[PDB]
$ cat protein-v5.pdb   # PDB, C-alpha atoms and all ligand atoms
ATOM      1  CA  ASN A   7    -136.182  27.966  15.216
ATOM      2  CA  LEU A   8    -132.865  29.445  14.038
ATOM      3  CA  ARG A   9    -132.128  33.048  13.042
ATOM      4  CA  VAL A  10    -129.072  34.720  11.484
ATOM      5  CA  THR A  11    -128.862  38.523  11.454
ATOM      6  CA  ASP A  12    -125.447  39.924  10.423
ATOM      7  CA  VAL A  13    -123.504  38.011   7.754
ATOM      8  CA  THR A  14    -120.293  39.804   6.811
ATOM      9  CA  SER A  15    -117.120  38.701   5.119
ATOM     10  CA  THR A  16    -115.590  38.217   8.588
ATOM     11  CA  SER A  17    -118.534  37.242  10.814
ATOM     12  CA  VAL A  18    -121.963  35.608  11.201
ATOM     13  CA  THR A  19    -124.411  36.126  14.091
ATOM     14  CA  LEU A  20    -126.877  33.567  15.461
ATOM     15  CA  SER A  21    -129.922  33.722  17.740
ATOM     16  CA  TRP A  22    -131.507  30.746  19.507
ATOM     17  CA  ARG A  23    -134.949  30.338  21.073
ATOM     18  CA  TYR A  31    -124.685  27.976  25.624
ATOM     19  CA  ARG A  32    -122.209  26.340  23.264
ATOM     20  CA  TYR A  35    -119.441  25.638  13.212
ATOM     21  CA  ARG A  36    -117.881  23.681  10.353
ATOM     22  CA  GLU A  37    -116.563  24.838   6.982
ATOM     23  CA  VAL A  45    -117.236  28.233  21.853
ATOM     24  CA  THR A  46    -119.330  28.592  25.016
ATOM     25  CA  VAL A  47    -121.594  31.454  26.109
ATOM     26  CA  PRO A  48    -122.661  30.796  29.730
ATOM     27  CA  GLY A  49    -125.991  32.591  29.354
ATOM     28  CA  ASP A  50    -127.659  33.700  31.295
ATOM     29  CA  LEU A  51    -130.049  35.692  29.108
ATOM     30  CA  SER A  52    -127.594  35.923  26.192
ATOM     31  CA  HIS A  53    -130.045  34.813  23.494
ATOM     32  CA  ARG A  54    -127.330  35.476  20.895
ATOM     33  CA  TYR A  55    -123.586  35.469  20.221
ATOM     34  CA  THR A  56    -121.461  36.450  17.217
ATOM     35  CA  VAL A  57    -118.630  34.480  15.625
ATOM     36  CA  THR A  58    -115.669  36.632  14.588
ATOM     37  CA  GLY A  59    -112.803  36.573  12.125
ATOM     38  CA  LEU A  60    -113.720  33.797   9.694
ATOM     39  CA  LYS A  61    -112.758  33.241   6.048
ATOM     40  CA  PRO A  62    -114.680  35.262   3.426
ATOM     41  CA  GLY A  63    -116.468  33.340   0.694
ATOM     42  CA  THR A  64    -116.865  30.042   2.545
ATOM     43  CA  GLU A  65    -119.737  27.627   2.928
ATOM     44  CA  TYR A  66    -120.554  26.692   6.495
ATOM     45  CA  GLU A  67    -122.841  24.743   8.814
ATOM     46  CA  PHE A  68    -123.992  26.156  12.170
ATOM     47  CA  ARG A  69    -125.788  24.259  14.928
ATOM     48  CA  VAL A  70    -126.721  25.364  18.442
ATOM     49  CA  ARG A  71    -127.807  23.489  21.551
ATOM     50  CA  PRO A  85    -130.946  20.236  16.087
ATOM     51  CA  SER A  86    -131.155  22.453  14.289
ATOM     52  CA  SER A  87    -128.660  23.732  11.714
ATOM     53  CA  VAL A  88    -128.283  26.620   9.259
ATOM     54  CA  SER A  89    -126.035  26.824   6.196
ATOM     55  CA  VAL A  90    -124.074  30.011   5.510
ATOM     56  CA  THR A  91    -121.913  31.512   2.753
ATOM     57  CA  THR A  92    -119.720  34.563   3.365
ATOM     58  CA  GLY A  93    -118.850  37.102   0.682
ATOM     59  CA  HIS A  94    -115.790  37.671  -1.536
ATOM     60  CA  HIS A  95    -114.059  39.975  -2.151
ATOM     61  CA  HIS A  96    -112.978  43.166  -0.369
ATOM     62  CA  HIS A  97    -110.005  45.524  -0.201
ATOM     63  CA  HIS A  98    -109.329  45.588  -3.006
ATOM     64  CA  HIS A  99    -109.317  44.629  -6.704
TER      65      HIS A  99
ATOM     66  CA  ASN B   7    -107.786  53.201  -5.912
ATOM     67  CA  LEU B   8    -111.008  51.935  -4.289
ATOM     68  CA  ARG B   9    -111.552  49.950  -1.070
ATOM     69  CA  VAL B  10    -114.425  47.745   0.142
ATOM     70  CA  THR B  11    -114.831  48.454   3.843
ATOM     71  CA  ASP B  12    -117.607  46.018   4.794
ATOM     72  CA  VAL B  13    -119.671  43.402   2.980
ATOM     73  CA  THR B  14    -123.072  42.344   4.298
ATOM     74  CA  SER B  15    -125.826  40.155   2.847
ATOM     75  CA  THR B  16    -127.712  43.282   1.742
ATOM     76  CA  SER B  17    -125.140  46.093   1.778
ATOM     77  CA  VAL B  18    -121.590  47.141   0.894
ATOM     78  CA  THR B  19    -119.429  49.969   2.265
ATOM     79  CA  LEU B  20    -116.951  51.745  -0.003
ATOM     80  CA  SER B  21    -114.010  54.078   0.593
ATOM     81  CA  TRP B  22    -111.870  55.946  -1.926
ATOM     82  CA  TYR B  25    -110.218  63.667  -6.715
ATOM     83  CA  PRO B  26    -109.031  67.144  -7.734
ATOM     84  CA  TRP B  27    -111.756  69.810  -7.761
ATOM     85  CA  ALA B  28    -114.456  67.206  -7.144
ATOM     86  CA  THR B  29    -117.870  68.495  -6.101
ATOM     87  CA  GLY B  30    -119.198  65.048  -5.243
ATOM     88  CA  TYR B  31    -118.771  61.463  -6.308
ATOM     89  CA  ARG B  32    -120.887  59.125  -8.408
ATOM     90  CA  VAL B  33    -120.900  55.431  -7.528
ATOM     91  CA  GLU B  34    -122.211  53.112 -10.251
ATOM     92  CA  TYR B  35    -123.120  49.496  -9.534
ATOM     93  CA  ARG B  36    -124.604  46.563 -11.434
ATOM     94  CA  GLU B  37    -125.486  42.917 -10.811
ATOM     95  CA  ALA B  38    -124.120  39.930 -12.730
ATOM     96  CA  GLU B  41    -128.491  46.382 -14.576
ATOM     97  CA  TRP B  42    -126.356  49.468 -14.041
ATOM     98  CA  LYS B  43    -127.520  51.784 -11.287
ATOM     99  CA  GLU B  44    -125.897  55.018 -10.177
ATOM    100  CA  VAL B  45    -126.096  57.140  -7.044
ATOM    101  CA  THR B  46    -123.948  60.255  -6.609
ATOM    102  CA  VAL B  47    -122.734  61.249  -3.159
ATOM    103  CA  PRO B  48    -122.013  65.003  -3.085
ATOM    104  CA  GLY B  49    -119.312  66.490  -0.916
ATOM    105  CA  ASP B  50    -115.540  66.279  -1.165
ATOM    106  CA  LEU B  51    -115.482  65.036   2.433
ATOM    107  CA  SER B  52    -118.017  62.383   1.376
ATOM    108  CA  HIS B  53    -115.168  59.869   1.000
ATOM    109  CA  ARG B  54    -117.346  56.858   1.947
ATOM    110  CA  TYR B  55    -120.684  55.420   0.900
ATOM    111  CA  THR B  56    -122.766  52.396   1.886
ATOM    112  CA  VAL B  57    -124.866  50.799  -0.862
ATOM    113  CA  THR B  58    -128.040  49.167   0.489
ATOM    114  CA  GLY B  59    -130.917  47.306  -1.102
ATOM    115  CA  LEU B  60    -128.734  44.541  -2.484
ATOM    116  CA  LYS B  61    -129.835  40.977  -2.985
ATOM    117  CA  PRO B  62    -128.206  38.348  -0.748
ATOM    118  CA  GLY B  63    -125.932  35.929  -2.557
ATOM    119  CA  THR B  64    -125.633  38.138  -5.646
ATOM    120  CA  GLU B  65    -122.512  39.346  -7.417
ATOM    121  CA  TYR B  66    -122.164  43.116  -7.811
ATOM    122  CA  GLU B  67    -119.624  45.359  -9.508
ATOM    123  CA  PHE B  68    -118.927  48.794  -8.065
ATOM    124  CA  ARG B  69    -117.079  51.755  -9.523
ATOM    125  CA  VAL B  70    -116.840  55.368  -8.396
ATOM    126  CA  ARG B  71    -116.009  58.410 -10.537
ATOM    127  CA  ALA B  72    -115.466  62.052  -9.640
ATOM    128  CA  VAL B  73    -118.129  64.541 -10.708
ATOM    129  CA  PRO B  85    -111.481  52.847 -12.789
ATOM    130  CA  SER B  86    -110.525  50.804 -11.102
ATOM    131  CA  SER B  87    -113.682  48.938 -10.106
ATOM    132  CA  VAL B  88    -114.202  46.160  -7.540
ATOM    133  CA  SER B  89    -116.471  43.097  -7.385
ATOM    134  CA  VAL B  90    -118.468  42.036  -4.303
ATOM    135  CA  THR B  91    -120.623  38.988  -3.531
ATOM    136  CA  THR B  92    -123.294  39.279  -0.845
ATOM    137  CA  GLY B  93    -124.076  36.711   1.811
ATOM    138  CA  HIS B  94    -126.079  33.559   1.293
TER     139      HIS B  94
ATOM    140  CA  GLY C   6    -130.968  44.081  36.833
ATOM    141  CA  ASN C   7    -133.151  42.177  34.391
ATOM    142  CA  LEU C   8    -132.838  44.885  31.693
ATOM    143  CA  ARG C   9    -129.500  46.029  30.258
ATOM    144  CA  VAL C  10    -128.262  48.690  27.826
ATOM    145  CA  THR C  11    -125.874  47.200  25.249
ATOM    146  CA  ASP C  12    -125.020  50.202  23.010
ATOM    147  CA  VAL C  13    -125.778  53.917  23.396
ATOM    148  CA  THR C  14    -125.520  56.510  20.624
ATOM    149  CA  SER C  15    -126.499  60.177  20.361
ATOM    150  CA  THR C  16    -129.697  59.224  18.516
ATOM    151  CA  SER C  17    -130.262  55.561  19.352
ATOM    152  CA  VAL C  18    -130.004  53.008  22.139
ATOM    153  CA  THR C  19    -130.096  49.215  21.927
ATOM    154  CA  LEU C  20    -131.746  47.233  24.728
ATOM    155  CA  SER C  21    -131.904  43.568  25.717
ATOM    156  CA  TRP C  22    -134.244  41.983  28.249
ATOM    157  CA  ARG C  23    -134.732  38.505  29.662
ATOM    158  CA  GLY C  24    -137.443  36.486  27.972
ATOM    159  CA  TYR C  25    -140.809  35.970  29.643
ATOM    160  CA  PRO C  26    -142.642  32.617  29.643
ATOM    161  CA  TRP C  27    -145.621  32.281  27.278
ATOM    162  CA  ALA C  28    -145.295  35.752  25.709
ATOM    163  CA  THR C  29    -145.991  36.574  22.046
ATOM    164  CA  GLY C  30    -143.970  39.800  22.109
ATOM    165  CA  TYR C  31    -142.983  42.872  24.066
ATOM    166  CA  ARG C  32    -143.864  46.557  24.414
ATOM    167  CA  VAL C  33    -140.993  48.966  25.114
ATOM    168  CA  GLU C  34    -141.992  52.253  26.739
ATOM    169  CA  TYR C  35    -139.668  55.264  26.715
ATOM    170  CA  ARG C  36    -139.932  58.933  27.658
ATOM    171  CA  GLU C  37    -137.896  62.095  27.982
ATOM    172  CA  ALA C  38    -137.211  63.686  31.365
ATOM    173  CA  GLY C  39    -140.251  65.955  30.939
ATOM    174  CA  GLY C  40    -141.902  63.794  30.224
ATOM    175  CA  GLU C  41    -144.524  61.942  28.195
ATOM    176  CA  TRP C  42    -144.231  58.190  27.741
ATOM    177  CA  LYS C  43    -143.980  56.753  24.255
ATOM    178  CA  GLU C  44    -144.141  53.027  23.589
ATOM    179  CA  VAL C  45    -143.056  50.902  20.622
ATOM    180  CA  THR C  46    -144.329  47.331  20.264
ATOM    181  CA  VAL C  47    -141.926  44.682  18.912
ATOM    182  CA  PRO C  48    -143.147  41.048  18.737
ATOM    183  CA  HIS C  53    -135.749  39.937  22.752
ATOM    184  CA  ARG C  54    -133.651  42.923  21.633
ATOM    185  CA  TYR C  55    -134.509  46.200  19.926
ATOM    186  CA  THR C  56    -132.874  49.537  19.111
ATOM    187  CA  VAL C  57    -134.924  52.680  19.736
ATOM    188  CA  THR C  58    -134.072  55.292  17.109
ATOM    189  CA  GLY C  59    -135.048  58.887  16.493
ATOM    190  CA  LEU C  60    -133.815  60.159  19.870
ATOM    191  CA  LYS C  61    -132.370  63.608  20.667
ATOM    192  CA  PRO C  62    -128.631  63.762  21.431
ATOM    193  CA  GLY C  63    -127.401  64.691  24.901
ATOM    194  CA  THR C  64    -130.677  64.203  26.785
ATOM    195  CA  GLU C  65    -131.681  61.841  29.580
ATOM    196  CA  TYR C  66    -134.250  59.198  28.582
ATOM    197  CA  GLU C  67    -136.094  56.457  30.453
ATOM    198  CA  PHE C  68    -136.772  52.974  29.063
ATOM    199  CA  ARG C  69    -138.894  50.096  30.311
ATOM    200  CA  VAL C  70    -140.104  46.932  28.606
ATOM    201  CA  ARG C  71    -143.356  45.291  29.622
ATOM    202  CA  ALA C  72    -144.771  41.828  29.141
ATOM    203  CA  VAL C  73    -148.012  41.648  27.206
ATOM    204  CA  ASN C  74    -150.545  42.132  28.245
ATOM    205  CA  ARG C  75    -148.874  41.953  31.665
ATOM    206  CA  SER C  87    -136.408  50.567  34.670
ATOM    207  CA  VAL C  88    -133.278  51.908  32.954
ATOM    208  CA  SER C  89    -132.126  55.491  32.375
ATOM    209  CA  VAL C  90    -130.037  56.473  29.343
ATOM    210  CA  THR C  91    -128.229  59.658  28.285
ATOM    211  CA  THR C  92    -127.242  60.148  24.649
ATOM    212  CA  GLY C  93    -124.021  61.665  23.326
ATOM    213  CA  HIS C  94    -123.170  65.361  23.056
ATOM    214  CA  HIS C  95    -120.624  67.100  20.821
ATOM    215  CA  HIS C  96    -119.395  70.443  19.396
ATOM    216  CA  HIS C  97    -118.755  71.613  16.789
ATOM    217  CA  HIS C  98    -120.694  69.490  14.307
TER     218      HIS C  98
ATOM    219  CA  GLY D   6    -110.526  71.574   7.201
ATOM    220  CA  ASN D   7    -113.687  70.473   8.955
ATOM    221  CA  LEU D   8    -113.629  67.750  11.594
ATOM    222  CA  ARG D   9    -116.677  65.532  11.836
ATOM    223  CA  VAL D  10    -117.981  63.150  14.470
ATOM    224  CA  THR D  11    -119.696  60.300  12.656
ATOM    225  CA  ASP D  12    -120.560  58.008  15.582
ATOM    226  CA  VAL D  13    -120.372  58.347  19.371
ATOM    227  CA  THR D  14    -120.878  55.463  21.798
ATOM    228  CA  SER D  15    -120.480  55.038  25.552
ATOM    229  CA  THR D  16    -116.864  53.872  25.084
ATOM    230  CA  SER D  17    -115.818  55.115  21.642
ATOM    231  CA  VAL D  18    -115.882  58.066  19.246
ATOM    232  CA  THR D  19    -115.661  58.126  15.453
ATOM    233  CA  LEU D  20    -113.988  61.102  13.800
ATOM    234  CA  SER D  21    -113.579  62.162  10.192
ATOM    235  CA  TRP D  22    -111.563  65.103   8.883
ATOM    236  CA  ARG D  23    -110.672  66.715   5.580
ATOM    237  CA  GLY D  24    -106.940  66.146   5.908
ATOM    238  CA  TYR D  25    -104.762  68.501   3.916
ATOM    239  CA  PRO D  26    -102.922  66.923   0.925
ATOM    240  CA  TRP D  27    -100.633  65.381   1.082
ATOM    241  CA  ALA D  28    -100.087  64.400   4.725
ATOM    242  CA  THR D  29     -97.649  61.621   5.602
ATOM    243  CA  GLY D  30    -100.286  60.863   8.218
ATOM    244  CA  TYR D  31    -102.404  62.250  11.011
ATOM    245  CA  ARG D  32    -102.063  62.643  14.768
ATOM    246  CA  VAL D  33    -105.206  62.583  16.903
ATOM    247  CA  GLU D  34    -104.874  64.261  20.305
ATOM    248  CA  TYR D  35    -107.478  63.872  23.023
ATOM    249  CA  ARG D  36    -107.981  64.675  26.694
ATOM    250  CA  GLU D  37    -110.808  64.462  29.181
ATOM    251  CA  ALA D  38    -112.103  67.667  30.750
ATOM    252  CA  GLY D  39    -109.746  67.211  33.689
ATOM    253  CA  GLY D  40    -107.379  64.627  32.242
ATOM    254  CA  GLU D  41    -104.176  64.677  30.219
ATOM    255  CA  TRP D  42    -103.567  64.926  26.486
ATOM    256  CA  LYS D  43    -102.966  61.594  24.760
ATOM    257  CA  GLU D  44    -101.644  61.197  21.216
ATOM    258  CA  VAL D  45    -102.357  58.617  18.514
ATOM    259  CA  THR D  46    -100.744  58.656  15.067
ATOM    260  CA  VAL D  47    -102.744  57.517  12.033
ATOM    261  CA  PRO D  48    -100.686  56.845   8.879
ATOM    262  CA  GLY D  49    -102.504  58.742   6.131
ATOM    263  CA  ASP D  50    -103.736  59.712   3.767
ATOM    264  CA  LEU D  51    -106.052  56.888   2.763
ATOM    265  CA  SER D  52    -108.092  57.359   5.934
ATOM    266  CA  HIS D  53    -109.721  60.716   6.578
ATOM    267  CA  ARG D  54    -111.351  58.785   9.405
ATOM    268  CA  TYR D  55    -110.627  57.154  12.759
ATOM    269  CA  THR D  56    -112.457  55.459  15.651
ATOM    270  CA  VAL D  57    -111.228  56.155  19.202
ATOM    271  CA  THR D  58    -112.084  53.303  21.589
ATOM    272  CA  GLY D  59    -111.629  52.646  25.283
ATOM    273  CA  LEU D  60    -113.372  55.757  26.591
ATOM    274  CA  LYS D  61    -115.182  56.032  29.853
ATOM    275  CA  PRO D  62    -118.980  56.373  29.674
ATOM    276  CA  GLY D  63    -120.432  59.773  30.452
ATOM    277  CA  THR D  64    -117.131  61.618  30.049
ATOM    278  CA  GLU D  65    -116.124  64.971  28.574
ATOM    279  CA  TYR D  66    -113.416  64.642  25.929
ATOM    280  CA  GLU D  67    -111.648  67.140  23.703
ATOM    281  CA  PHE D  68    -110.288  66.266  20.258
ATOM    282  CA  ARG D  69    -108.073  68.012  17.732
ATOM    283  CA  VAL D  70    -106.395  66.560  14.648
ATOM    284  CA  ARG D  71    -103.203  67.738  12.959
ATOM    285  CA  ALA D  72    -101.700  66.645   9.654
ATOM    286  CA  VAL D  73     -98.138  65.382   9.780
ATOM    287  CA  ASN D  74     -95.903  67.274   9.057
ATOM    288  CA  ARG D  75     -96.122  67.742  12.830
ATOM    289  CA  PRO D  85    -106.321  72.846  13.355
ATOM    290  CA  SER D  86    -109.944  71.744  13.794
ATOM    291  CA  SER D  87    -111.153  70.954  17.316
ATOM    292  CA  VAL D  88    -114.246  69.109  18.575
ATOM    293  CA  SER D  89    -115.735  68.464  22.040
ATOM    294  CA  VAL D  90    -117.514  65.169  22.900
ATOM    295  CA  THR D  91    -119.511  63.799  25.868
ATOM    296  CA  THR D  92    -120.381  60.082  25.868
ATOM    297  CA  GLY D  93    -123.625  58.466  27.042
ATOM    298  CA  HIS D  94    -124.652  56.762  30.324
ATOM    299  CA  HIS D  95    -126.105  54.500  31.976
ATOM    300  CA  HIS D  96    -125.417  51.099  30.450
ATOM    301  CA  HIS D  97    -124.950  47.968  32.546
ATOM    302  CA  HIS D  98    -127.962  47.028  33.854
TER     303      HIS D  98
HETATM  304 ZN    ZN E 101    -124.750  26.222  -0.844
HETATM  305 ZN    ZN E 102    -120.139  70.816  27.285
HETATM  306 ZN    ZN E 103    -127.101  59.888  35.326
END
$ encode --input "protein-v5.pdb" --output "structure tokens" --more "lines below"
Ligand SMILES: [Zn+2]
Ligand SMILES: [Zn+2]
Ligand SMILES: [Zn+2]
Amino acid sequence: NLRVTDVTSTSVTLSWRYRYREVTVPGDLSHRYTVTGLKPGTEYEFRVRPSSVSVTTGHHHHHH
Amino acid sequence: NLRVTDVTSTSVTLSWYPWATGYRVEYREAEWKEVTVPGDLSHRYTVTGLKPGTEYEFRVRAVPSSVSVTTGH
Amino acid sequence: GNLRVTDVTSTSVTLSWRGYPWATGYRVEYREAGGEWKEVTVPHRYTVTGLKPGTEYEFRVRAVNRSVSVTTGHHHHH
Amino acid sequence: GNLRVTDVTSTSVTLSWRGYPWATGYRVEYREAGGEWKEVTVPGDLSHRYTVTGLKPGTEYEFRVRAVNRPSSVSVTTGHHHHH
């Protein structure tokens, strides 16, 4: 299925059993890749090639 | 003067006193808990064991001003 | 080769290996340069922790039921 | 003024220091065993901490940090092999 490991304020990582909504990894054995530099606190949809995962990042940081 | 270094689904990293032996970080959900990190050089601490998608409040005092963090969902 | 070392620390190393067809999981075997093999079974990436800094280690991953050398970091004074 | 190595990788080193108060900032100096000194300035004093990247795997490095103005010294060797 789909697996997400590291959800930060800035990133989310995905792992599939290679090419998000509020890139291309040409393998060869790269089962995973990590998106970088996105907006904290946002809902998302991720799909890899069915099937999709929904993600929310986390506000806030530095500082308040 | 407190900074939130990293926010994860289950953890938070914090960075931030005169004649301080150690520091006590207190945190609560939206249940107060407190863990003290001894050492003046202990200027950072990572709080683990947090629930994903939950709002936390963090404050550190030497042994104002606090910060709020929401974990991933 | 087919097995690569992504990150190396004084006390840990992370490894990634190509998937095998029709396999329920993998057994990673590692040893010191003495040395006696130790294996950890993970049902395709894993980080082996609890290692001694500044020493040469050997790692291999095996399909079940049927490679790479790593040196950790060294530093003074701390 | 102790100087601490929090994390060491094949290509990077993490350092933390006491840092005398109040420093306008910090300068990190490093050199390989045979190589030349290189200097990086960190505007303090928020950060008693810094991560040095871009190092060669399996290399001897020497580090010392000075408050600015204008110390504590540490020696580091990184790990090998990676690749493959
Ligand atoms: Zn939702
Ligand atoms: Zn040496
Ligand atoms: Zn070697």
$ axis_aligned_box --input "protein-v5.pdb" --around "range 45-63 of chain A" --padding-each-side "4 Å" --output "lines of an AutoDock Vina configuration file"
center_x = -121.4
center_y = 32.4
center_z = 16.0
size_x = 25.3
size_y = 16.4
size_z = 38.6
$ residues_near_ligand --input "protein-v5.pdb" --ligand "ligand ZN 103 (chain E)" --cutoff "12 Å" --atoms "all atoms listed in the file" --output "NGL selection string"
(:C and (38 or 63-67 or 88-92)) or (:D and (62-64 or 92-96))
$ residues_around --input "protein-v5.pdb" --residues "residue 41 in chain D" --least-positions-apart "5" --cutoff "12 Å" --atoms "all atoms listed in the file" --output "list in words"
residues 34, 35, 36, 66, 67 and 68 of chain D
$ resolve_selection --input "protein-v5.pdb" --expression "the PyMOL selection byres (((not hetatm)) within 10 of (chain E and resi 101))" --output "ChimeraX atom specification"
/A:64-67,89-91 /B:63,94
$ residues_around --input "protein-v5.pdb" --residues "residue 67 in chain B" --least-positions-apart "4" --cutoff "6 Å" --atoms "only C-alpha atoms" --output "ChimeraX atom specification"
/B:35-36,88-89
$ resolve_selection --input "protein-v5.pdb" --expression "the PyMOL selection byres (((chain D and resi 50-52) around 12) and not hetatm)" --output "PyMOL selection string"
(chain B and resi 7-9+11+21-22+51+53-54) or (chain D and resi 20-32+46-49+53-56+72-73)
$ write_last_selection --input "protein-v5.pdb" --atoms "C-alpha atoms" --output "PDB file, in the coordinates of the input"
ATOM      1  CA  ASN B   7    -107.786  53.201  -5.912  1.00  0.00           C
ATOM      2  CA  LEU B   8    -111.008  51.935  -4.289  1.00  0.00           C
ATOM      3  CA  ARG B   9    -111.552  49.950  -1.070  1.00  0.00           C
ATOM      4  CA  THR B  11    -114.831  48.454   3.843  1.00  0.00           C
ATOM      5  CA  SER B  21    -114.010  54.078   0.593  1.00  0.00           C
ATOM      6  CA  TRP B  22    -111.870  55.946  -1.926  1.00  0.00           C
ATOM      7  CA  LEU B  51    -115.482  65.036   2.433  1.00  0.00           C
ATOM      8  CA  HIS B  53    -115.168  59.869   1.000  1.00  0.00           C
ATOM      9  CA  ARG B  54    -117.346  56.858   1.947  1.00  0.00           C
TER      10      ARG B  54
ATOM     11  CA  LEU D  20    -113.988  61.102  13.800  1.00  0.00           C
ATOM     12  CA  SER D  21    -113.579  62.162  10.192  1.00  0.00           C
ATOM     13  CA  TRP D  22    -111.563  65.103   8.883  1.00  0.00           C
ATOM     14  CA  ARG D  23    -110.672  66.715   5.580  1.00  0.00           C
ATOM     15  CA  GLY D  24    -106.940  66.146   5.908  1.00  0.00           C
ATOM     16  CA  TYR D  25    -104.762  68.501   3.916  1.00  0.00           C
ATOM     17  CA  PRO D  26    -102.922  66.923   0.925  1.00  0.00           C
ATOM     18  CA  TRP D  27    -100.633  65.381   1.082  1.00  0.00           C
ATOM     19  CA  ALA D  28    -100.087  64.400   4.725  1.00  0.00           C
ATOM     20  CA  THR D  29     -97.649  61.621   5.602  1.00  0.00           C
ATOM     21  CA  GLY D  30    -100.286  60.863   8.218  1.00  0.00           C
ATOM     22  CA  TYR D  31    -102.404  62.250  11.011  1.00  0.00           C
ATOM     23  CA  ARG D  32    -102.063  62.643  14.768  1.00  0.00           C
ATOM     24  CA  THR D  46    -100.744  58.656  15.067  1.00  0.00           C
ATOM     25  CA  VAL D  47    -102.744  57.517  12.033  1.00  0.00           C
ATOM     26  CA  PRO D  48    -100.686  56.845   8.879  1.00  0.00           C
ATOM     27  CA  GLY D  49    -102.504  58.742   6.131  1.00  0.00           C
ATOM     28  CA  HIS D  53    -109.721  60.716   6.578  1.00  0.00           C
ATOM     29  CA  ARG D  54    -111.351  58.785   9.405  1.00  0.00           C
ATOM     30  CA  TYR D  55    -110.627  57.154  12.759  1.00  0.00           C
ATOM     31  CA  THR D  56    -112.457  55.459  15.651  1.00  0.00           C
ATOM     32  CA  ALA D  72    -101.700  66.645   9.654  1.00  0.00           C
ATOM     33  CA  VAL D  73     -98.138  65.382   9.780  1.00  0.00           C
TER      34      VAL D  73
END
$ residues_near_ligand --input "protein-v5.pdb" --ligand "ligand ZN 102 (chain E)" --cutoff "10 Å" --atoms "all atoms listed in the file" --output "ChimeraX atom specification"
/C:63,94-96 /D:38,65-67,89-91
$ resolve_selection --input "protein-v5.pdb" --expression "the PyMOL selection byres (((chain A and resi 21) around 12) and not hetatm)" --output "ChimeraX atom specification"
/A:7-12,18-20,22-23,31,51-57,68-71,86-88 /C:53-54
$ interface_residues --input "protein-v5.pdb" --of "chain A" --to "chain B" --cutoff "9 Å" --atoms "only C-alpha atoms" --output "MDAnalysis selection string"
chainID A and resid 12:16 63 65 89:99
$ interface_residues --input "protein-v5.pdb" --of "chain C" --to "chain A" --cutoff "9 Å" --atoms "all atoms listed in the file" --output "ChimeraX atom specification"
/C:7,21-24,53
